[PDB]
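Colleague: Below is the file run30.cif, with mmCIF, C-alpha atoms and all ligand atoms.
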data_query
#
loop_
_atom_site.label_atom_id
_atom_site.label_comp_id
_atom_site.auth_asym_id
_atom_site.auth_seq_id
_atom_site.Cartn_x
_atom_site.Cartn_y
_atom_site.Cartn_z
CA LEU A 1 226.02 240.40 -127.04
CA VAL A 2 226.71 244.10 -127.65
CA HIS A 3 224.73 247.08 -126.35
CA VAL A 4 225.82 250.26 -128.13
CA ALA A 5 225.19 253.59 -126.39
CA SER A 6 222.90 255.72 -128.53
CA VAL A 7 222.38 259.33 -127.56
CA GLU A 8 218.72 260.41 -127.21
CA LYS A 9 218.12 262.21 -130.49
CA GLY A 10 219.02 265.87 -130.43
CA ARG A 11 219.91 265.94 -126.72
CA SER A 12 223.00 267.54 -125.21
CA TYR A 13 224.61 268.09 -121.80
CA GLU A 14 222.23 270.91 -120.87
CA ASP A 15 219.24 268.64 -121.43
CA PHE A 16 220.55 266.10 -118.93
CA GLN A 17 221.48 268.82 -116.48
CA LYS A 18 217.84 269.85 -116.46
CA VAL A 19 216.84 266.26 -115.61
CA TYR A 20 219.48 266.21 -112.87
CA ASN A 21 218.05 269.47 -111.53
CA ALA A 22 214.47 268.22 -111.50
CA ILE A 23 215.62 265.16 -109.57
CA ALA A 24 217.64 267.28 -107.18
CA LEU A 25 214.77 269.79 -106.62
CA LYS A 26 212.40 266.93 -105.90
CA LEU A 27 214.87 265.38 -103.44
CA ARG A 28 214.90 268.68 -101.55
CA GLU A 29 211.07 269.05 -101.73
CA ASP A 30 209.96 265.49 -100.81
CA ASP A 31 212.06 265.55 -97.63
CA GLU A 32 209.67 263.60 -95.36
CA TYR A 33 210.03 260.14 -96.97
CA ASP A 34 211.21 257.37 -94.58
CA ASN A 35 211.21 259.47 -91.39
CA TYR A 36 212.96 262.42 -93.00
CA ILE A 37 215.78 260.45 -94.58
CA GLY A 38 214.54 261.59 -98.00
CA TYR A 39 214.67 259.57 -101.24
CA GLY A 40 218.49 259.95 -101.70
CA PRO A 41 219.53 256.57 -100.35
CA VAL A 42 216.82 254.55 -102.06
CA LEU A 43 217.66 256.19 -105.37
CA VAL A 44 221.31 255.21 -104.93
CA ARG A 45 220.21 251.66 -104.18
CA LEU A 46 217.90 251.62 -107.25
CA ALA A 47 220.79 252.61 -109.49
CA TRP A 48 222.92 249.83 -108.03
CA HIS A 49 220.22 247.22 -108.37
CA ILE A 50 219.40 247.95 -112.00
CA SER A 51 223.16 247.68 -112.70
CA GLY A 52 224.00 244.79 -110.45
CA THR A 53 222.14 242.22 -112.57
CA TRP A 54 224.99 242.39 -115.10
CA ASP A 55 226.93 239.23 -115.99
CA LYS A 56 230.31 239.89 -117.63
CA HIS A 57 230.27 236.33 -119.12
CA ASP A 58 227.44 236.96 -121.61
CA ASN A 59 226.65 240.67 -121.12
CA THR A 60 223.05 240.02 -119.95
CA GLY A 61 221.54 242.37 -117.38
CA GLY A 62 223.08 245.70 -116.46
CA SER A 63 221.62 249.22 -116.62
CA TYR A 64 221.43 249.48 -120.40
CA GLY A 65 217.99 248.06 -121.16
CA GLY A 66 216.08 249.79 -118.36
CA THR A 67 214.44 246.37 -117.64
CA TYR A 68 213.50 247.21 -114.05
CA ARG A 69 210.33 248.73 -115.57
CA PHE A 70 209.21 245.14 -116.31
CA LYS A 71 207.19 243.07 -113.84
CA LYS A 72 209.70 240.26 -113.38
CA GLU A 73 212.57 242.51 -112.26
CA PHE A 74 210.41 245.09 -110.53
CA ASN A 75 208.95 242.29 -108.33
CA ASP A 76 212.31 240.58 -107.63
CA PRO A 77 212.26 239.96 -103.85
CA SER A 78 215.83 241.49 -103.82
CA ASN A 79 214.26 244.70 -105.16
CA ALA A 80 211.69 245.09 -102.35
CA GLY A 81 211.37 248.75 -101.41
CA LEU A 82 212.84 250.12 -104.68
CA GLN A 83 209.26 250.73 -105.88
CA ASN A 84 209.55 253.92 -103.79
CA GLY A 85 212.47 255.16 -105.96
CA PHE A 86 210.53 254.23 -109.07
CA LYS A 87 207.51 256.26 -107.89
CA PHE A 88 209.79 259.18 -107.15
CA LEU A 89 211.14 259.07 -110.70
CA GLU A 90 207.69 258.78 -112.40
CA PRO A 91 206.96 262.49 -112.55
CA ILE A 92 210.56 263.11 -113.63
CA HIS A 93 210.01 260.81 -116.58
CA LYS A 94 206.74 262.60 -117.43
CA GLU A 95 208.53 265.96 -117.41
CA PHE A 96 211.35 264.54 -119.59
CA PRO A 97 209.78 261.65 -121.58
CA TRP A 98 212.67 261.57 -124.08
CA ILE A 99 215.14 260.08 -121.58
CA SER A 100 215.55 256.31 -121.63
CA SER A 101 214.61 254.29 -118.53
CA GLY A 102 218.18 253.12 -118.00
CA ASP A 103 219.49 256.67 -118.29
CA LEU A 104 216.89 257.92 -115.81
CA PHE A 105 217.50 255.18 -113.23
CA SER A 106 221.29 255.52 -113.31
CA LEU A 107 221.11 259.35 -113.33
CA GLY A 108 218.86 259.24 -110.27
CA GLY A 109 221.67 257.50 -108.39
CA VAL A 110 224.31 259.95 -109.61
CA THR A 111 222.10 262.91 -108.65
CA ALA A 112 221.38 261.45 -105.19
CA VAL A 113 225.07 260.87 -104.44
CA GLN A 114 226.08 264.41 -105.47
CA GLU A 115 223.15 266.13 -103.74
CA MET A 116 224.04 264.21 -100.52
CA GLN A 117 227.47 265.97 -100.75
CA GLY A 118 229.20 262.87 -102.15
CA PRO A 119 231.83 262.93 -104.88
CA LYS A 120 231.05 263.99 -108.41
CA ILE A 121 230.22 260.92 -110.50
CA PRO A 122 230.81 261.34 -114.21
CA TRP A 123 227.84 260.02 -116.19
CA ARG A 124 227.29 259.07 -119.78
CA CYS A 125 223.99 258.98 -121.65
CA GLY A 126 222.72 256.57 -124.27
CA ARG A 127 221.23 253.57 -122.58
CA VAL A 128 218.44 252.25 -124.83
CA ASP A 129 215.25 250.58 -123.61
CA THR A 130 215.20 246.90 -124.63
CA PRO A 131 212.17 244.58 -124.74
CA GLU A 132 210.63 242.60 -121.91
CA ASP A 133 212.34 239.36 -122.98
CA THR A 134 215.74 240.94 -122.20
CA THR A 135 214.76 241.22 -118.51
CA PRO A 136 217.19 239.14 -116.46
CA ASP A 137 215.79 236.50 -114.08
CA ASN A 138 215.69 237.10 -110.34
CA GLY A 139 218.55 235.88 -108.19
CA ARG A 140 221.43 237.87 -109.67
CA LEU A 141 221.69 240.41 -106.83
CA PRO A 142 223.72 239.39 -103.78
CA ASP A 143 222.61 237.73 -100.51
CA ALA A 144 223.34 239.51 -97.22
CA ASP A 145 223.87 236.41 -95.02
CA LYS A 146 227.25 235.36 -96.43
CA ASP A 147 230.97 235.82 -95.85
CA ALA A 148 233.90 237.58 -97.56
CA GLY A 149 234.65 234.66 -99.91
CA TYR A 150 231.05 234.92 -101.18
CA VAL A 151 231.23 238.70 -101.60
CA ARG A 152 234.54 238.41 -103.44
CA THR A 153 233.27 235.67 -105.78
CA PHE A 154 229.96 237.41 -106.33
CA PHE A 155 231.51 240.73 -107.41
CA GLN A 156 233.87 239.03 -109.86
CA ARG A 157 230.75 238.58 -112.04
CA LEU A 158 230.45 242.38 -112.20
CA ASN A 159 234.25 242.70 -112.93
CA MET A 160 234.89 244.34 -109.55
CA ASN A 161 238.15 243.82 -107.60
CA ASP A 162 238.73 244.08 -103.81
CA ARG A 163 239.17 247.85 -103.75
CA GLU A 164 236.17 248.44 -105.99
CA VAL A 165 234.02 246.15 -103.77
CA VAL A 166 235.09 247.86 -100.53
CA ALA A 167 234.62 251.31 -102.09
CA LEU A 168 231.12 250.57 -103.37
CA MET A 169 230.05 249.10 -100.04
CA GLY A 170 230.69 252.48 -98.44
CA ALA A 171 227.27 253.49 -99.80
CA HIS A 172 225.99 251.61 -96.78
CA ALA A 173 226.71 254.84 -94.92
CA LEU A 174 223.38 255.91 -96.46
CA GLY A 175 219.80 255.10 -95.47
CA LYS A 176 218.84 252.03 -93.48
CA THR A 177 217.45 248.53 -93.69
CA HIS A 178 213.69 247.97 -93.23
CA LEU A 179 212.44 244.67 -91.76
CA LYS A 180 209.55 244.50 -94.25
CA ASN A 181 211.91 244.73 -97.23
CA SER A 182 214.95 242.60 -96.38
CA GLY A 183 214.41 241.00 -92.96
CA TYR A 184 216.89 243.27 -91.25
CA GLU A 185 216.21 246.31 -89.11
CA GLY A 186 218.46 249.22 -88.15
CA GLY A 187 221.06 251.65 -89.44
CA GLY A 188 222.14 255.26 -89.19
CA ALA A 189 219.24 256.80 -91.08
CA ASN A 190 221.89 259.03 -92.64
CA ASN A 191 221.40 261.08 -95.82
CA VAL A 192 224.87 262.66 -96.12
CA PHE A 193 227.48 260.74 -98.10
CA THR A 194 230.63 260.26 -96.02
CA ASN A 195 233.23 257.58 -95.20
CA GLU A 196 231.46 256.77 -91.91
CA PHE A 197 230.69 253.15 -92.95
CA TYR A 198 234.42 252.43 -92.53
CA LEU A 199 234.82 254.38 -89.36
CA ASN A 200 231.77 252.58 -87.84
CA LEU A 201 233.22 249.21 -88.83
CA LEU A 202 236.49 249.93 -87.07
CA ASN A 203 235.43 252.02 -84.05
CA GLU A 204 232.22 250.43 -82.81
CA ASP A 205 231.95 247.45 -80.50
CA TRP A 206 230.09 244.85 -82.56
CA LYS A 207 228.11 241.86 -81.36
CA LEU A 208 226.68 239.22 -83.74
CA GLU A 209 223.01 238.59 -82.95
CA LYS A 210 219.95 237.00 -84.44
CA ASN A 211 217.19 239.43 -85.18
CA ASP A 212 213.44 239.11 -85.01
CA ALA A 213 213.26 237.62 -88.50
CA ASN A 214 215.78 235.05 -87.40
CA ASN A 215 218.57 236.59 -89.50
CA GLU A 216 222.05 237.24 -88.26
CA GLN A 217 223.34 240.80 -88.04
CA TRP A 218 226.08 242.67 -86.28
CA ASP A 219 224.80 245.18 -83.71
CA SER A 220 226.73 247.86 -81.88
CA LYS A 221 226.18 249.24 -78.38
CA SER A 222 225.62 252.71 -79.97
CA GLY A 223 222.79 251.17 -82.03
CA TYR A 224 224.40 250.84 -85.48
CA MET A 225 224.04 247.60 -87.48
CA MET A 226 226.02 245.81 -90.21
CA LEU A 227 225.09 242.87 -92.46
CA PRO A 228 227.31 239.74 -92.36
CA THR A 229 228.40 240.89 -95.84
CA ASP A 230 229.39 244.32 -94.44
CA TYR A 231 231.20 242.85 -91.51
CA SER A 232 233.10 240.42 -93.78
CA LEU A 233 235.13 243.47 -94.95
CA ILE A 234 236.88 243.47 -91.60
CA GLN A 235 237.03 239.65 -91.15
CA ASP A 236 238.99 239.28 -94.37
CA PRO A 237 242.52 240.67 -94.12
CA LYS A 238 242.68 242.05 -97.66
CA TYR A 239 239.41 243.88 -97.34
CA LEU A 240 240.44 245.08 -93.85
CA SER A 241 243.44 246.95 -95.18
CA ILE A 242 241.24 248.79 -97.65
CA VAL A 243 238.61 249.55 -94.95
CA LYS A 244 241.43 251.03 -92.90
CA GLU A 245 242.58 253.12 -95.85
CA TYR A 246 239.13 254.59 -96.57
CA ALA A 247 238.49 255.21 -92.82
CA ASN A 248 241.66 257.37 -92.93
CA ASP A 249 241.40 259.04 -96.28
CA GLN A 250 238.10 260.71 -97.20
CA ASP A 251 239.37 262.01 -100.52
CA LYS A 252 240.67 258.59 -101.58
CA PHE A 253 237.40 256.98 -100.67
CA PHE A 254 235.54 259.72 -102.70
CA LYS A 255 237.73 259.24 -105.83
CA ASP A 256 237.51 255.43 -105.69
CA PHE A 257 233.80 255.34 -105.05
CA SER A 258 233.20 257.69 -108.00
CA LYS A 259 235.19 255.48 -110.43
CA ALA A 260 233.67 252.26 -109.13
CA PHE A 261 230.07 253.61 -109.16
CA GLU A 262 230.39 255.01 -112.71
CA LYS A 263 231.94 251.70 -113.82
CA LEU A 264 229.03 249.86 -112.12
CA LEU A 265 226.48 251.98 -113.97
CA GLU A 266 228.25 251.53 -117.32
CA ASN A 267 229.06 247.83 -117.19
CA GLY A 268 227.81 246.12 -120.34
CA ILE A 269 227.63 249.29 -122.44
CA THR A 270 229.84 249.83 -125.50
CA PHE A 271 230.39 253.54 -126.08
CA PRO A 272 231.31 254.32 -129.71
CA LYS A 273 234.38 256.51 -130.25
CA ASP A 274 232.16 259.44 -131.43
CA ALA A 275 230.18 259.28 -128.15
CA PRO A 276 230.28 262.42 -126.02
CA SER A 277 232.72 262.54 -123.16
CA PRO A 278 231.22 261.81 -119.71
CA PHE A 279 229.14 264.61 -118.23
CA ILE A 280 229.88 266.12 -114.80
CA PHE A 281 226.72 267.71 -113.50
CA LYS A 282 226.70 270.77 -111.29
CA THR A 283 224.88 270.38 -107.97
CA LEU A 284 221.93 272.70 -107.22
CA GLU A 285 224.16 274.44 -104.78
CA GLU A 286 226.84 275.09 -107.44
CA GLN A 287 224.11 276.60 -109.69
CA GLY A 288 222.78 278.90 -106.95
CA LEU A 289 219.47 276.98 -107.07
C1 LIG A 301 227.04 242.29 -100.89
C2 LIG A 301 226.51 243.39 -101.42
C3 LIG A 301 225.32 244.07 -100.91
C4 LIG A 301 224.32 243.55 -100.14
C5 LIG A 301 224.17 242.10 -99.75
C6 LIG A 301 223.46 244.61 -99.79
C7 LIG A 301 222.28 244.46 -99.03
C8 LIG A 301 221.48 245.51 -98.61
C9 LIG A 301 220.31 245.37 -97.78
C10 LIG A 301 219.79 244.04 -97.27
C11 LIG A 301 219.80 246.63 -97.59
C12 LIG A 301 218.58 247.06 -96.81
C13 LIG A 301 217.35 247.02 -97.77
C14 LIG A 301 216.06 247.37 -97.04
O1 LIG A 301 215.79 246.78 -95.98
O2 LIG A 301 215.30 248.28 -97.46
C15 LIG A 301 220.65 247.55 -98.31
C16 LIG A 301 220.48 248.91 -98.33
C17 LIG A 301 221.22 249.72 -99.15
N1 LIG A 301 222.21 249.36 -100.01
FE1 LIG A 301 223.03 247.63 -100.16
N2 LIG A 301 223.91 245.75 -100.35
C18 LIG A 301 225.04 245.50 -101.02
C19 LIG A 301 225.82 246.37 -101.77
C20 LIG A 301 225.48 247.69 -102.03
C21 LIG A 301 226.11 248.54 -102.97
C22 LIG A 301 227.27 248.08 -103.84
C23 LIG A 301 225.43 249.78 -102.95
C24 LIG A 301 225.70 251.06 -103.68
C25 LIG A 301 226.82 251.31 -104.37
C26 LIG A 301 224.45 249.67 -101.95
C27 LIG A 301 223.59 250.66 -101.58
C28 LIG A 301 222.58 250.51 -100.62
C29 LIG A 301 221.78 251.64 -100.14
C30 LIG A 301 221.84 253.08 -100.56
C31 LIG A 301 220.89 251.15 -99.24
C32 LIG A 301 219.84 251.94 -98.46
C33 LIG A 301 218.45 251.93 -99.09
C34 LIG A 301 217.45 252.72 -98.28
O3 LIG A 301 217.77 253.41 -97.27
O4 LIG A 301 216.27 252.69 -98.68
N3 LIG A 301 224.50 248.40 -101.45
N4 LIG A 301 221.64 246.84 -98.91
#
Let me see the structure of the file written as structure tokens.
Ligand code: HEM
Modeller:
Amino acid sequence: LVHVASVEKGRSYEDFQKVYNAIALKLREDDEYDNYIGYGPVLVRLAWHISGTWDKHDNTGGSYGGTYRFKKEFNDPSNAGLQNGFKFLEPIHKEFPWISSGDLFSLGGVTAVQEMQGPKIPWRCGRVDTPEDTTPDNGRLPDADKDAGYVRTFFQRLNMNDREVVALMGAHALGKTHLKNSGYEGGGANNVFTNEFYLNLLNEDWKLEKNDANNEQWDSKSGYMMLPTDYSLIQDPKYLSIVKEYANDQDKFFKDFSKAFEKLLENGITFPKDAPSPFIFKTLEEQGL
């Protein structure tokens, strides 16, 4: 099953930069969402969830088809709360109706990461909207209540290795969990992209507790939390080494996250050899906007 990237007809880099900028300007404007966290984190999560349905074995799922716009995927219990990212992106789509759904969703994540002072993430256009019957079934996104063996096995389906898994998980520096969405509560409420996920893992004093929803989570005396899946990155000795590396090398973490996150967003897409090179978008700040 082959999904060929097809550039939106007549569009070029500058066109996508304008979409980036509208997203970035709206991020800045709508700053009150979720107790002043802003929409950055949820947009990063949206991009991951529309990508994380991919299965390397048959090339179903992934960002390409923009299938999150369909009821079945939109309502996936694993996607609870992402409706907020979707609503954010509505007026962006109306301003730029020529962009595919998959391109918009993935670009939202790229824009959020960069505008939160994260690394540049190269991004490629050409996802094409596919019909409702291409919508993957629920259940393909990962559970939070599991251990490192689960996380490792799970991410093999997305063609991600130990370093790529640990790198990607560093996005859990961003935002927070909400009891109503996932049955967890707590987090840093942070909207600046850093390597602090790794530092928190290593430097805090963690205690495993059951929460109000009867789910297990790791809680620190300073009031941070980690999922069992997060904490598994320090229980497992291979993951631990990589955690230690990223806790001690901001630039390495930035480079590795960028590669892994672009790979995540491009899994399942065949780019023809006459496709444009990946675009690197300027931040608002770099444009003097
Ligand atoms: C084992 C893998 C993963 C699990 C089980 C997991 C689970 C979760 C859960 C349960 C939440 C809280 C949702 C809520 O209550 O609203 C969350 C938040 C988040 N996750 Fe993950 N996650 C995983 C991997 C990733 C990856 C790979 C990324 C990005 C590259 C990511 C980005 C985020 C972000 C940005 C949020 C915050 C959303 C917000 O503040 O609204 N996660 N994750």
Colleague: Excluding same-chain residues fewer than 5 positions from region 213-226 of chain A, what lies within 12 Å of it counting all atoms listed in the file, as number ranges by chain?
Modeller: A: 143-147, 169-170, 172-173, 175-190, 196-208, 231-234
Colleague: What gap, in Å, lies between atom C34 of ligand LIG 301 (chain A) and CA of residue 13 (chain A)?
Modeller: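 Interatomic distance here is 29.0 Å.
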Colleague: Pick the closest to ligand LIG 301 (chain A) from A:165, A:192, A:289, A:284: which is it, counting all atoms listed in the file?
Modeller: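 Among A:165, A:192, A:289, A:284, it is A:165 that comes nearest to ligand LIG 301 (chain A).
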Colleague: Please provide as an MDAnalysis selection string all residues within 12 Å of residue 267 (chain A), with the sequence filter that same-chain residues fewer than 2 positions apart are discarded (counting all atoms listed in the file).
Modeller: chainID A and resid 2:5 48 50:65 106 124 127 157:160 259:265 269:271
Colleague: Export C-alpha atoms of the chosen residues as a short mmCIF file (atom, residue, chain, number, x, y, z; two decimals), in the frame of the given file?
Modeller:
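Okay, result-v4.cif is ready:
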data_model
loop_
_atom_site.label_atom_id
_atom_site.label_comp_id
_atom_site.auth_asym_id
_atom_site.auth_seq_id
_atom_site.Cartn_x
_atom_site.Cartn_y
_atom_site.Cartn_z
CA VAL A 2 226.71 244.10 -127.65
CA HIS A 3 224.73 247.08 -126.35
CA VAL A 4 225.82 250.26 -128.13
CA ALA A 5 225.19 253.59 -126.39
CA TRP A 48 222.92 249.83 -108.03
CA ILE A 50 219.40 247.95 -112.00
CA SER A 51 223.16 247.68 -112.70
CA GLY A 52 224.00 244.79 -110.45
CA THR A 53 222.14 242.22 -112.57
CA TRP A 54 224.99 242.39 -115.10
CA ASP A 55 226.93 239.23 -115.99
CA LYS A 56 230.31 239.89 -117.63
CA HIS A 57 230.27 236.33 -119.12
CA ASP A 58 227.44 236.96 -121.61
CA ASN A 59 226.65 240.67 -121.12
CA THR A 60 223.05 240.02 -119.95
CA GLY A 61 221.54 242.37 -117.38
CA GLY A 62 223.08 245.70 -116.46
CA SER A 63 221.62 249.22 -116.62
CA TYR A 64 221.43 249.48 -120.40
CA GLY A 65 217.99 248.06 -121.16
CA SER A 106 221.29 255.52 -113.31
CA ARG A 124 227.29 259.07 -119.78
CA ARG A 127 221.23 253.57 -122.58
CA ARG A 157 230.75 238.58 -112.04
CA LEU A 158 230.45 242.38 -112.20
CA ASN A 159 234.25 242.70 -112.93
CA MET A 160 234.89 244.34 -109.55
CA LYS A 259 235.19 255.48 -110.43
CA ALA A 260 233.67 252.26 -109.13
CA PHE A 261 230.07 253.61 -109.16
CA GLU A 262 230.39 255.01 -112.71
CA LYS A 263 231.94 251.70 -113.82
CA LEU A 264 229.03 249.86 -112.12
CA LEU A 265 226.48 251.98 -113.97
CA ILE A 269 227.63 249.29 -122.44
CA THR A 270 229.84 249.83 -125.50
CA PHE A 271 230.39 253.54 -126.08
#
Colleague: For the atom pair CA of residue 230 (chain A) and CA of residue 167 (chain A), what is the interatomic distance in Å to one decimal place?
Modeller: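 Straight-line distance from CA of residue 230 (chain A) to CA of residue 167 (chain A) works out to 11.6 Å.
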Colleague: Please fill the gaps in region 209-228 of chain A so it has N, CA and C atoms, and write that as a PDB file, in the coordinates of the input.
Modeller:
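Result file out_9.pdb:
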ATOM      1  N   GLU A 209     224.268 239.011 -83.541  1.00  0.00           N
ATOM      2  CA  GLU A 209     223.010 238.590 -82.950  1.00  0.00           C
ATOM      3  C   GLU A 209     222.035 238.142 -84.007  1.00  0.00           C
ATOM      4  N   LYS A 210     221.093 237.310 -83.596  1.00  0.00           N
ATOM      5  CA  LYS A 210     219.950 237.000 -84.440  1.00  0.00           C
ATOM      6  C   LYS A 210     218.897 238.065 -84.211  1.00  0.00           C
ATOM      7  N   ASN A 211     218.245 238.475 -85.280  1.00  0.00           N
ATOM      8  CA  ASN A 211     217.190 239.430 -85.180  1.00  0.00           C
ATOM      9  C   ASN A 211     215.814 238.778 -85.135  1.00  0.00           C
ATOM     10  N   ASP A 212     214.802 239.605 -85.080  1.00  0.00           N
ATOM     11  CA  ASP A 212     213.440 239.110 -85.010  1.00  0.00           C
ATOM     12  C   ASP A 212     213.019 238.215 -86.163  1.00  0.00           C
ATOM     13  N   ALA A 213     213.533 238.459 -87.351  1.00  0.00           N
ATOM     14  CA  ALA A 213     213.260 237.620 -88.500  1.00  0.00           C
ATOM     15  C   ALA A 213     214.141 236.406 -88.560  1.00  0.00           C
ATOM     16  N   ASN A 214     214.881 236.185 -87.507  1.00  0.00           N
ATOM     17  CA  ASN A 214     215.780 235.050 -87.400  1.00  0.00           C
ATOM     18  C   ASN A 214     216.982 235.165 -88.325  1.00  0.00           C
ATOM     19  N   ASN A 215     217.345 236.391 -88.704  1.00  0.00           N
ATOM     20  CA  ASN A 215     218.570 236.590 -89.500  1.00  0.00           C
ATOM     21  C   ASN A 215     219.675 237.131 -88.649  1.00  0.00           C
ATOM     22  N   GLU A 216     220.894 236.735 -88.976  1.00  0.00           N
ATOM     23  CA  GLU A 216     222.050 237.240 -88.260  1.00  0.00           C
ATOM     24  C   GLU A 216     222.460 238.614 -88.729  1.00  0.00           C
ATOM     25  N   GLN A 217     222.780 239.477 -87.761  1.00  0.00           N
ATOM     26  CA  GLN A 217     223.340 240.800 -88.040  1.00  0.00           C
ATOM     27  C   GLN A 217     224.223 241.250 -86.919  1.00  0.00           C
ATOM     28  N   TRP A 218     225.161 242.145 -87.236  1.00  0.00           N
ATOM     29  CA  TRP A 218     226.080 242.670 -86.280  1.00  0.00           C
ATOM     30  C   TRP A 218     225.535 243.972 -85.723  1.00  0.00           C
ATOM     31  N   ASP A 219     225.455 244.062 -84.399  1.00  0.00           N
ATOM     32  CA  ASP A 219     224.800 245.180 -83.710  1.00  0.00           C
ATOM     33  C   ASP A 219     225.793 245.816 -82.772  1.00  0.00           C
ATOM     34  N   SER A 220     225.788 247.138 -82.729  1.00  0.00           N
ATOM     35  CA  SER A 220     226.730 247.860 -81.880  1.00  0.00           C
ATOM     36  C   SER A 220     226.001 248.443 -80.671  1.00  0.00           C
ATOM     37  N   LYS A 221     226.749 248.654 -79.595  1.00  0.00           N
ATOM     38  CA  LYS A 221     226.180 249.240 -78.380  1.00  0.00           C
ATOM     39  C   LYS A 221     225.599 250.636 -78.634  1.00  0.00           C
ATOM     40  N   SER A 222     226.194 251.416 -79.545  1.00  0.00           N
ATOM     41  CA  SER A 222     225.620 252.710 -79.970  1.00  0.00           C
ATOM     42  C   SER A 222     224.393 252.590 -80.863  1.00  0.00           C
ATOM     43  N   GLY A 223     224.016 251.378 -81.250  1.00  0.00           N
ATOM     44  CA  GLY A 223     222.790 251.170 -82.030  1.00  0.00           C
ATOM     45  C   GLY A 223     222.943 251.147 -83.545  1.00  0.00           C
ATOM     46  N   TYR A 224     224.172 251.049 -84.047  1.00  0.00           N
ATOM     47  CA  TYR A 224     224.400 250.840 -85.480  1.00  0.00           C
ATOM     48  C   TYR A 224     224.276 249.352 -85.813  1.00  0.00           C
ATOM     49  N   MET A 225     224.010 248.994 -87.065  1.00  0.00           N
ATOM     50  CA  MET A 225     224.040 247.600 -87.480  1.00  0.00           C
ATOM     51  C   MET A 225     224.850 247.423 -88.763  1.00  0.00           C
ATOM     52  N   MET A 226     225.293 246.195 -89.012  1.00  0.00           N
ATOM     53  CA  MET A 226     226.020 245.810 -90.210  1.00  0.00           C
ATOM     54  C   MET A 226     225.538 244.438 -90.621  1.00  0.00           C
ATOM     55  N   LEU A 227     225.372 244.212 -91.925  1.00  0.00           N
ATOM     56  CA  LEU A 227     225.090 242.870 -92.460  1.00  0.00           C
ATOM     57  C   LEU A 227     226.337 242.001 -92.326  1.00  0.00           C
ATOM     58  N   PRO A 228     226.147 240.665 -92.322  1.00  0.00           N
ATOM     59  CA  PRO A 228     227.310 239.740 -92.360  1.00  0.00           C
ATOM     60  C   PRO A 228     228.211 240.092 -93.523  1.00  0.00           C
TER      61      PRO A 228
END
